[PDB]
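Chemist: Below is the file final18.txt, which contains compact mmCIF, C-alpha atoms.
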```txt
# COMPACT_ATOMS: atom_id res chain seq x y z
CA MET X 1 23.96 93.05 184.65
CA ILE X 2 24.10 90.93 187.80
CA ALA X 3 23.92 92.02 191.45
CA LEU X 4 27.11 92.19 193.53
CA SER X 5 25.82 89.50 195.94
CA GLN X 6 25.22 87.22 192.93
CA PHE X 7 28.71 87.92 191.53
CA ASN X 8 30.26 87.29 194.97
CA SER X 9 28.56 83.87 195.13
CA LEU X 10 29.48 82.57 191.65
CA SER X 11 31.85 79.66 190.95
CA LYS X 12 35.38 80.67 189.91
CA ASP X 13 34.59 79.75 186.30
CA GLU X 14 31.23 81.50 186.06
CA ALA X 15 32.77 84.63 187.62
CA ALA X 16 35.80 84.44 185.31
CA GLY X 17 33.54 83.97 182.26
CA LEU X 18 31.46 87.00 183.27
CA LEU X 19 34.59 89.19 183.42
CA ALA X 20 36.22 87.83 180.23
CA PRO X 21 34.53 90.29 177.79
CA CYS X 22 35.84 93.28 179.81
CA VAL X 23 39.38 92.77 178.46
CA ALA X 24 41.36 89.93 176.82
CA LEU X 25 43.70 89.62 179.81
CA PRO X 26 42.92 86.44 181.83
CA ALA X 27 45.22 87.42 184.73
CA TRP X 28 43.22 90.58 185.48
CA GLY X 29 39.89 88.72 185.78
CA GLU X 30 41.59 85.93 187.75
CA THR X 31 42.78 88.50 190.30
CA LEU X 32 39.26 89.93 190.75
CA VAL X 33 37.60 86.51 191.09
CA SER X 34 40.07 85.42 193.80
CA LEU X 35 39.34 88.56 195.88
CA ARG X 36 35.63 87.83 196.35
CA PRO X 37 33.52 88.54 198.31
CA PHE X 38 33.80 92.27 197.65
CA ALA X 39 32.51 94.58 200.39
CA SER X 40 30.77 96.79 197.82
CA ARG X 41 30.69 97.58 194.10
CA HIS X 42 32.82 100.63 195.06
CA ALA X 43 35.46 98.27 196.51
CA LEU X 44 35.26 96.01 193.44
CA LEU X 45 35.81 98.93 191.03
CA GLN X 46 38.73 100.27 193.08
CA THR X 47 40.33 96.81 193.15
CA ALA X 48 39.78 96.53 189.38
CA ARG X 49 41.63 99.82 188.80
CA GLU X 50 44.53 98.72 191.02
CA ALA X 51 44.73 95.41 189.12
CA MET X 52 45.42 97.26 185.85
CA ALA X 53 48.11 99.58 187.30
CA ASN X 54 51.10 97.59 186.03
CA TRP X 55 49.85 96.91 182.49
CA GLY X 56 52.60 97.48 179.93
CA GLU X 57 53.16 96.99 176.20
CA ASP X 58 52.87 93.19 176.56
CA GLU X 59 49.38 93.52 178.07
CA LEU X 60 48.45 96.02 175.33
CA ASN X 61 49.39 93.60 172.52
CA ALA X 62 47.70 90.62 174.18
CA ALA X 63 44.50 92.65 174.72
CA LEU X 64 44.47 93.72 171.05
CA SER X 65 44.94 90.13 169.72
CA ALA X 66 41.96 90.43 167.34
CA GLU X 94 26.53 110.63 155.29
CA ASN X 95 30.03 112.10 155.82
CA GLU X 96 32.32 110.28 153.37
CA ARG X 97 35.23 112.70 153.96
CA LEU X 98 35.21 111.72 157.65
CA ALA X 99 34.78 107.97 157.02
CA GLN X 100 37.67 108.04 154.54
CA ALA X 101 39.79 110.17 156.88
CA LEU X 102 39.27 107.62 159.68
CA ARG X 103 40.15 104.75 157.30
CA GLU X 104 43.32 106.49 156.07
CA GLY X 105 44.29 107.48 159.62
CA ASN X 106 43.84 103.91 160.87
CA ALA X 107 45.97 102.52 158.04
CA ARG X 108 48.61 105.17 158.80
CA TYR X 109 48.43 104.35 162.52
CA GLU X 110 48.79 100.58 162.02
CA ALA X 111 51.72 101.20 159.66
CA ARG X 112 53.51 103.56 162.07
CA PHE X 113 52.89 101.84 165.43
CA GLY X 114 52.37 98.19 164.42
CA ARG X 115 49.01 97.71 166.15
CA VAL X 116 45.33 98.61 165.67
CA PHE X 117 44.22 102.07 166.85
CA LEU X 118 42.60 101.81 170.28
CA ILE X 119 40.26 104.50 171.58
CA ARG X 120 37.38 104.44 174.05
CA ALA X 121 34.60 105.10 171.54
CA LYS X 122 31.61 105.46 173.90
CA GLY X 123 30.29 109.03 173.94
CA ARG X 124 32.74 110.21 171.27
CA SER X 125 31.73 111.57 167.87
CA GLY X 126 33.43 110.62 164.60
CA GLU X 127 35.11 114.04 164.35
CA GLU X 128 36.40 113.72 167.95
CA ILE X 129 37.92 110.31 167.16
CA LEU X 130 39.60 111.65 163.99
CA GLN X 131 41.10 114.55 165.97
CA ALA X 132 42.44 112.15 168.64
CA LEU X 133 43.81 109.87 165.90
CA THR X 134 45.48 112.87 164.19
CA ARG X 135 47.09 114.02 167.46
CA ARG X 136 48.21 110.49 168.40
CA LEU X 137 49.81 109.99 164.96
CA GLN X 138 52.34 112.61 166.15
CA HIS X 139 53.32 110.56 169.23
CA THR X 140 56.59 108.81 169.96
CA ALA X 141 56.33 105.03 170.46
CA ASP X 142 56.31 105.21 174.29
CA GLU X 143 53.87 108.16 174.41
CA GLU X 144 51.43 106.15 172.30
CA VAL X 145 51.80 102.93 174.32
CA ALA X 146 50.91 105.00 177.39
CA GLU X 147 47.77 106.57 175.86
CA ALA X 148 46.57 103.32 174.24
CA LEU X 149 46.89 101.66 177.66
CA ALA X 150 45.07 104.60 179.30
CA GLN X 151 42.25 104.12 176.78
CA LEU X 152 42.28 100.34 177.38
CA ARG X 153 41.84 100.99 181.12
CA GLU X 154 38.83 103.24 180.45
CA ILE X 155 37.24 100.65 178.13
CA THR X 156 37.76 97.80 180.62
CA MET X 157 36.20 99.79 183.49
CA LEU X 158 33.17 100.81 181.42
CA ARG X 159 32.57 97.16 180.51
CA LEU X 160 33.03 96.07 184.15
CA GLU X 161 30.60 98.78 185.31
CA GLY X 162 28.02 97.57 182.78
CA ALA X 163 28.43 93.95 183.90
CA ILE X 164 28.21 94.07 187.71
CA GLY X 165 25.69 95.99 189.83
CA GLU X 166 25.39 97.09 193.46
```
Take the structure in the file and write it out as structure tokens.
Modeler:
Amino acid sequence: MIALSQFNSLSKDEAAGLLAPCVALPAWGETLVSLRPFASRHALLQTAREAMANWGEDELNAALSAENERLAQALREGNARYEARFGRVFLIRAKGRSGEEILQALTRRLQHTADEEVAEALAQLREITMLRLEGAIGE
């Protein structure tokens, strides 16, 4: 985790490289790098949210480029069923969630229409990206 003043002072490439693990969408990081120096971490995070506002199915697919056995098996079967039905890997923000919680989300999302699921997967992607950004850059 690097300070905001440090991040604001980095070369385009070093800044871009720092942001790369947040999400596999080069255009998003590029946008943030080009808007330095940020007034505050608050302003950086707000700008980051605005930069992901127009993400669609194309950005979803690009981003996704690569004890209790009942539960483990249920998650495996659900994931196979998800991938078969929707044509992509199942994306959920996993941090803070239990296995049972994930299974219940998976089960509910297996009942979605294509567009409903694109929307939620993207909403989860946005959460994941922000969490990673928040872990990477400080105040």
Chemist: Just to confirm, what's the straight-line distance from atom CA of residue 153 of chain X to atom CA of residue 52 of chain X in Å (one decimal)?
Modeler: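 Taking atom CA of residue 153 of chain X as the start and atom CA of residue 52 of chain X as the end point, the length is 7.0 Å.
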Chemist: Which one of X:48, X:116, X:32, X:111 sits closest to residue 156 of chain X if you count all atoms listed in the file?
Modeler: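 Nearest candidate to residue 156 of chain X out of X:48, X:116, X:32, X:111: X:48.
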Chemist: Figure out the distance between atom CA of residue 135 of chain X and atom CA of residue 100 of chain X, please, to one decimal in Å.
Modeler: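 Distance between the two atoms: 17.1 Å.
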Chemist: Any idea what the distance is between atom CA of residue 46 of chain X and atom CA of residue 115 of chain X?
Modeler: 28.9 Å
Chemist: Tell me, as an NGL selection string, which residues lie within 9 Å of segment 6-13 of chain X, counting all atoms listed in the file; anything in the same chain fewer than 3 positions away does not count.
Modeler: :X and (2-3 or 16-18 or 30 or 33-34 or 36-38 or 164-165)
Chemist: Which residue gives the smallest distance to residue 55 of chain X among X:25, X:39, X:20, X:157, with all atoms listed in the file counted?
Modeler: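 Among the listed residues, the smallest separation from residue 55 of chain X belongs to X:25.
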Chemist: Need to verify the contact set: residue 154 of chain X, 12 Å, only C-alpha atoms, exclusion of same-chain residues closer than 3 positions in sequence. Can you return it as JSON, numbers by chain?
Modeler: {"X": [22, 23, 45, 48, 49, 52, 118, 119, 120, 121, 122, 147, 148, 149, 150, 151, 157, 158, 159, 160, 161]}
Chemist: Closest to residue 19 of chain X among X:62, X:163, X:133, X:141, using all atoms listed in the file?
Modeler: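 Ranking X:62, X:163, X:133, X:141 by distance to residue 19 of chain X, first place goes to X:163.
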Chemist: Counting only C-alpha atoms, which residue out of X:15, X:142, X:98, X:59 sits closest to residue 113 of chain X?
Modeler: X:142
Chemist: Go through X:14, X:103, X:1, X:145 one by one, measure the shortest atom-to-atom distance of each to residue 57 of chain X using only C-alpha atoms, and give the residue with the smallest value.
Modeler: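 Closest candidate: X:145.
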Chemist: Name the closest residue to residue 130 of chain X among the candidates X:102, X:152, X:44, X:146; distances are taken between atoms, counting all atoms listed in the file.
Modeler: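 Ranked by minimum distance to residue 130 of chain X, first place goes to X:102.
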